[PDB]
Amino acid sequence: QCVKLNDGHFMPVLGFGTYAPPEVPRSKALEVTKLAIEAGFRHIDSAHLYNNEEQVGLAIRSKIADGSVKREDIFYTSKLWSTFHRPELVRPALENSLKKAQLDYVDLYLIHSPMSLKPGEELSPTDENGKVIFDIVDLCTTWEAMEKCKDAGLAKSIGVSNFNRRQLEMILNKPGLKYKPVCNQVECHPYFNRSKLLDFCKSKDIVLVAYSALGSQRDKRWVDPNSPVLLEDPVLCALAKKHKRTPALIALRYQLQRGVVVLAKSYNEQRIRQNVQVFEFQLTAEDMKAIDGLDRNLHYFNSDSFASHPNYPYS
């Protein structure tokens, strides 16, 4: 139930998504992360951006203290936020995340996004029009700082998120590169299946990790309400009926069968327990072809605040 990363460490192929929007009480992350571990999730995905690392960390530490898991059984991810791309800010950002979570190391630390933002106090600094104040940082220098964090033992593995093929290539061609990214965590689902990026990642031994695999949380801040609702897709519905599973389970299994590590966020006890059933059934070649046919270049995260950035990954 794991994949071997290009640095020798192992990553569980099903991960628990911990982001919930600010209107959800912070205490919920503690409750649901414990439930996720109880259900069998061993890969837990968080970030500085999520304002939940204390709660998620506490959940992990609670399950270690009561004997349910060892630290070595848990794969915990955090991410460097975009206001901290300047190399001198990388290690301090990681140390802050470790202090919040009360952990000695993260299993994985990612550059959250290639879209560098102005260093400062704000998560999303703005001008007048609500467009973000961008920063211009050579992400190869950021990567060097990430490498130093691995060497120091603060992160077992390092990788990237929201990078396109070209951006990934720039890191891979860096003179004196010490560690390749182990993964690229990107938006990935049947409406945006990333086939060409997946092929590229496979060719370089980089794991593609899918987020919004269930169609995203459809947050009004970044997602058009008109966009088709992935879990109401008729083809996924037909496949769910055929296998007597659910559309969510079909969407998750699709990713595993393509060699994509898949995340799944749920703050509902029943759905958390449901999602671990992804290992209990298989899709046929014809099922996979049907799902492949759904691709319509649809990234749910689709806002002016992303699209105007000079390092916006989508074309």
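Start at 1 and count along the sequence shown; that's the residue number.
Trainee: So 6-14 or 297-305, which one's hotter by mean CA B-factor in the entry?
Mentor: 297-305 has the higher mean C-alpha B-factor.
Trainee: Looking only at CA atoms, which has the higher mean B factor in the entry: 184-192 or 165-173?
Mentor: Going by the record's values, the stretch with the higher mean is 165-173.
Trainee: Whose CA atom has the top B-factor in the entry, of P114, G153, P92, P119?
Mentor: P119 has the highest C-alpha B-factor of those listed.
Trainee: Can you pull the Cα B-factors for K265, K63, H43, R258 from the entry and say which is highest?
Mentor: The record points to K63.
Trainee: For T284, does the deposited CA B-factor place it in the lowest, middle or highest third of the chain?
Mentor: Its C-alpha B-factor belongs to the lowest third of this chain's values.
Trainee: Can you work out whether the C-alpha temperature factor of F84 puts it in the lowest, middle or highest third of the chain?
Mentor: Tercile = middle for this residue's CA B-factor.
Trainee: Sorting the chain's modelled residues by C-alpha B-factor, tell me whether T142 ends up in the lowest, middle or highest third.
Mentor: Within its chain, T142 is a middle-third residue by C-alpha B-factor, going by the deposited values.
Trainee: Check where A36 lands among this chain's C-alpha B-factors and tell me if it's the lowest, middle or highest third.
Mentor: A36: CA B-factor falls in the middle third of its chain.
Trainee: Of the three thirds of its chain by CA temperature factor, lowest, middle or highest, which one includes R26?
Mentor: Answer is highest: the recorded C-alpha B-factor places it there.
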